[PDB]
file coords.cif (mmCIF, C-alpha atoms)
data_start
loop_
_atom_site.label_atom_id
_atom_site.label_comp_id
_atom_site.auth_asym_id
_atom_site.auth_seq_id
_atom_site.Cartn_x
_atom_site.Cartn_y
_atom_site.Cartn_z
CA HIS A 1 162.30 195.19 101.98
CA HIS A 2 159.79 194.44 104.71
CA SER A 3 156.91 196.84 105.21
CA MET A 4 156.48 198.74 108.49
CA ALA A 5 156.57 196.67 111.68
CA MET A 6 154.45 197.01 114.79
CA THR A 7 155.77 199.08 117.66
CA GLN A 8 156.61 196.62 120.44
CA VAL A 9 155.46 198.00 123.78
CA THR A 10 156.69 196.62 127.09
CA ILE A 11 154.20 196.74 129.96
CA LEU A 12 155.84 197.39 133.33
CA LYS A 13 154.56 196.90 136.86
CA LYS A 14 156.62 199.02 139.26
CA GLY A 15 159.19 199.38 136.46
CA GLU A 16 159.60 195.63 135.86
CA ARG A 17 158.45 193.87 132.70
CA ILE A 18 155.22 191.89 133.07
CA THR A 19 154.21 191.50 129.44
CA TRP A 20 154.39 193.08 126.00
CA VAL A 21 152.00 194.08 123.22
CA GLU A 22 152.18 195.42 119.65
CA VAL A 23 150.51 198.67 118.52
CA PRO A 24 151.00 200.66 115.28
CA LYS A 25 152.54 204.10 115.50
CA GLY A 26 149.90 206.79 115.83
CA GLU A 27 147.20 204.42 117.05
CA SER A 28 145.57 202.98 120.19
CA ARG A 29 144.54 199.41 120.99
CA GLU A 30 142.63 197.75 123.85
CA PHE A 31 144.16 194.93 125.90
CA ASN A 32 142.94 192.82 128.79
CA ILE A 33 145.84 192.50 131.23
CA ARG A 34 145.22 190.13 134.17
CA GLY A 35 141.48 190.75 133.96
CA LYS A 36 141.44 194.54 133.53
CA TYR A 37 141.09 196.52 130.31
CA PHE A 38 143.71 199.06 129.24
CA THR A 39 144.17 201.31 126.23
CA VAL A 40 147.77 201.31 124.92
CA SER A 41 148.62 204.15 122.54
CA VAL A 42 151.76 204.70 120.45
CA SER A 43 152.45 208.27 119.35
CA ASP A 44 153.89 209.33 115.99
CA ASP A 45 157.35 209.29 117.56
CA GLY A 46 156.94 205.72 118.82
CA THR A 47 156.44 206.68 122.48
CA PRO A 48 153.79 204.54 124.19
CA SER A 49 151.26 205.42 126.86
CA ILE A 50 148.75 203.33 128.80
CA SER A 51 145.52 204.08 130.61
CA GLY A 52 145.05 203.24 134.27
CA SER A 53 147.56 203.36 137.10
CA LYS A 54 148.64 199.73 137.67
CA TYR A 55 151.20 199.73 134.83
CA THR A 56 153.52 201.93 132.83
CA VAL A 57 154.88 201.28 129.34
CA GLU A 58 158.21 201.57 127.55
#
call {"tool": "encode", "arguments": {"input": "coords.cif", "output": "structure tokens"}}
result
Amino acid sequence: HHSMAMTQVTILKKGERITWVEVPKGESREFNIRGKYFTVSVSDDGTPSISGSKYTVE
């Protein structure tokens, strides 16, 4: 019975997948994507968000 897995977050550029990251539910992590820093957050309900305007997340 595996413990709790990361939330897998897909990073989208104009709605198309460019990369993916892992973040625990209820937390935020920093990533460098193509030379810029972004905060990716996953809410309690598993919904992700990202700082900046270049990308969205799913």
call {"tool": "residues_around", "arguments": {"input": "coords.cif", "residues": "residue 7 of chain A", "least_positions_apart": "3", "cutoff": "12 Å", "atoms": "all atoms listed in the file", "output": "ChimeraX atom specification"}}
result
/A:4,10,20-29,40-48,57-58
call {"tool": "atom_distance", "arguments": {"input": "coords.cif", "atom1": "atom CA of residue 30 of chain A", "atom2": "atom CA of residue 6 of chain A"}}
result
14.9 Å
call {"tool": "atom_distance", "arguments": {"input": "coords.cif", "atom1": "atom CA of residue 19 of chain A", "atom2": "atom CA of residue 3 of chain A"}}
result
25.0 Å
call {"tool": "atom_distance", "arguments": {"input": "coords.cif", "atom1": "atom CA of residue 53 of chain A", "atom2": "atom CA of residue 8 of chain A"}}
result
20.1 Å
call {"tool": "resolve_selection", "arguments": {"input": "coords.cif", "expression": "the PyMOL selection byres ((chain A and resi 12) around 6)", "output": "PyMOL selection string"}}
result
chain A and resi 11+13+15-18+55-57
call {"tool": "axis_aligned_box", "arguments": {"input": "coords.cif", "around": "segment 15-22 of chain A", "padding_each_side": "4 Å", "output": "lines of an AutoDock Vina configuration file"}}
result
center_x = 155.8
center_y = 195.4
center_z = 128.1
size_x = 15.6
size_y = 15.9
size_z = 24.8
call {"tool": "build_atoms", "arguments": {"input": "coords.cif", "residues": "segment 2-18 of chain A", "atoms": "N, CA and C atoms", "output": "PDB file, in the frame of the given file"}}
result
ATOM      1  N   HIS A   2     161.007 194.631 103.930  1.00  0.00           N
ATOM      2  CA  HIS A   2     159.790 194.440 104.710  1.00  0.00           C
ATOM      3  C   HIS A   2     159.059 195.755 104.898  1.00  0.00           C
ATOM      4  N   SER A   3     157.732 195.685 104.882  1.00  0.00           N
ATOM      5  CA  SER A   3     156.910 196.840 105.210  1.00  0.00           C
ATOM      6  C   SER A   3     157.070 197.200 106.683  1.00  0.00           C
ATOM      7  N   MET A   4     156.308 198.184 107.147  1.00  0.00           N
ATOM      8  CA  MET A   4     156.480 198.740 108.490  1.00  0.00           C
ATOM      9  C   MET A   4     156.011 197.765 109.580  1.00  0.00           C
ATOM     10  N   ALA A   5     156.857 197.575 110.587  1.00  0.00           N
ATOM     11  CA  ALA A   5     156.570 196.670 111.680  1.00  0.00           C
ATOM     12  C   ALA A   5     155.759 197.354 112.783  1.00  0.00           C
ATOM     13  N   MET A   6     155.064 196.543 113.558  1.00  0.00           N
ATOM     14  CA  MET A   6     154.450 197.010 114.790  1.00  0.00           C
ATOM     15  C   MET A   6     155.435 197.767 115.679  1.00  0.00           C
ATOM     16  N   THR A   7     154.946 198.660 116.539  1.00  0.00           N
ATOM     17  CA  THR A   7     155.770 199.080 117.660  1.00  0.00           C
ATOM     18  C   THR A   7     155.576 198.093 118.803  1.00  0.00           C
ATOM     19  N   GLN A   8     156.681 197.536 119.311  1.00  0.00           N
ATOM     20  CA  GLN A   8     156.610 196.620 120.440  1.00  0.00           C
ATOM     21  C   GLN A   8     156.628 197.437 121.720  1.00  0.00           C
ATOM     22  N   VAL A   9     155.636 197.214 122.569  1.00  0.00           N
ATOM     23  CA  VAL A   9     155.460 198.000 123.780  1.00  0.00           C
ATOM     24  C   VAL A   9     155.618 197.069 124.972  1.00  0.00           C
ATOM     25  N   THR A  10     156.519 197.412 125.881  1.00  0.00           N
ATOM     26  CA  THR A  10     156.690 196.620 127.090  1.00  0.00           C
ATOM     27  C   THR A  10     155.839 197.217 128.202  1.00  0.00           C
ATOM     28  N   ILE A  11     155.073 196.357 128.862  1.00  0.00           N
ATOM     29  CA  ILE A  11     154.200 196.740 129.960  1.00  0.00           C
ATOM     30  C   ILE A  11     154.912 196.398 131.254  1.00  0.00           C
ATOM     31  N   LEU A  12     155.056 197.417 132.110  1.00  0.00           N
ATOM     32  CA  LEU A  12     155.840 197.390 133.330  1.00  0.00           C
ATOM     33  C   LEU A  12     154.927 197.532 134.536  1.00  0.00           C
ATOM     34  N   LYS A  13     155.235 196.780 135.581  1.00  0.00           N
ATOM     35  CA  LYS A  13     154.560 196.900 136.860  1.00  0.00           C
ATOM     36  C   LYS A  13     155.639 197.276 137.860  1.00  0.00           C
ATOM     37  N   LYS A  14     155.545 198.483 138.424  1.00  0.00           N
ATOM     38  CA  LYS A  14     156.620 199.020 139.260  1.00  0.00           C
ATOM     39  C   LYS A  14     157.970 198.970 138.535  1.00  0.00           C
ATOM     40  N   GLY A  15     157.971 199.328 137.247  1.00  0.00           N
ATOM     41  CA  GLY A  15     159.190 199.380 136.460  1.00  0.00           C
ATOM     42  C   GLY A  15     159.764 198.060 135.998  1.00  0.00           C
ATOM     43  N   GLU A  16     159.106 196.935 136.272  1.00  0.00           N
ATOM     44  CA  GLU A  16     159.600 195.630 135.860  1.00  0.00           C
ATOM     45  C   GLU A  16     158.661 195.022 134.823  1.00  0.00           C
ATOM     46  N   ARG A  17     159.242 194.383 133.808  1.00  0.00           N
ATOM     47  CA  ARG A  17     158.450 193.870 132.700  1.00  0.00           C
ATOM     48  C   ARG A  17     157.476 192.787 133.165  1.00  0.00           C
ATOM     49  N   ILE A  18     156.206 192.921 132.778  1.00  0.00           N
ATOM     50  CA  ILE A  18     155.220 191.890 133.070  1.00  0.00           C
ATOM     51  C   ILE A  18     154.695 191.296 131.778  1.00  0.00           C
TER      52      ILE A  18
END
